[PDB]
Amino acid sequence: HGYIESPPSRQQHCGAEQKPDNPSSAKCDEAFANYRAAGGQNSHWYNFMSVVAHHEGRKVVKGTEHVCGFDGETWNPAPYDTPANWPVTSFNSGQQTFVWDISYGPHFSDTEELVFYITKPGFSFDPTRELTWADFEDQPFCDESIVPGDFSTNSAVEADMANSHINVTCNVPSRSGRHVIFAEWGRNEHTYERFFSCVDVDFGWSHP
């Protein structure tokens, strides 16, 4: 059970930090409101660690209706599929570390891969519609696997047992303006259990 903590995923902002029954910030208000308007329940955001399936993820499974929720098991659509102006954090291309928090279900021992996709370079973020696969690159920009549970087998993937985190280092493609990263944490074939996390990032406008 997990989600991306850094950079903060939709589940980190709206889930780990802000809860709809007692928010301390306005940043998730639209996501919370639009989900209630669509018949979603406030209590669903308490399952921010549970965007889950039991299969090989987007490298294999091409037919999902939804991106961030991946037509998963806890709810479909997920809270995280809701069209909204989601909270966005400033981000840079090149070598970046992504931090999965797996504290609520620290399945280190049969972790197999961490996969990351980004929106196409010409993507135009639309807060009124759901993400579609046409918004995303066909292939992942970062796909790091280990012999299951053996983190010494990939120098890009680190287990932090003290924080119950997995740290993955990725080469983030050059981007400008507002983008989305779609990420997966997959366990091996014993379960094929896989967790999904979207990150809203703003690359700004900078060129040498």
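One-based numbering along the sequence shown.
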{"property": "Average Cα temperature factor in the PDB entry - higher stretch of 116-124, 85-93", "result": "85-93"}
{"property": "Stretch with the greater mean C-alpha B-factor as recorded in the entry, comparing 174-182 against 32-40", "result": "32-40"}
{"property": "Chain-wide C-alpha B factor ranking for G57, given as lowest, middle or highest third", "result": "middle"}
{"property": "Entry-reported Cα temperature factor of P8, expressed as the chain third it lands in", "result": "lowest"}
{"property": "For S103, the third of its chain into which the C-alpha B factor falls", "result": "middle"}
{"property": "Among modelled residues of the same chain, the CA temperature factor third for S155", "result": "highest"}
{"property": "Among modelled residues of the same chain, the CA temperature factor third for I166", "result": "lowest"}
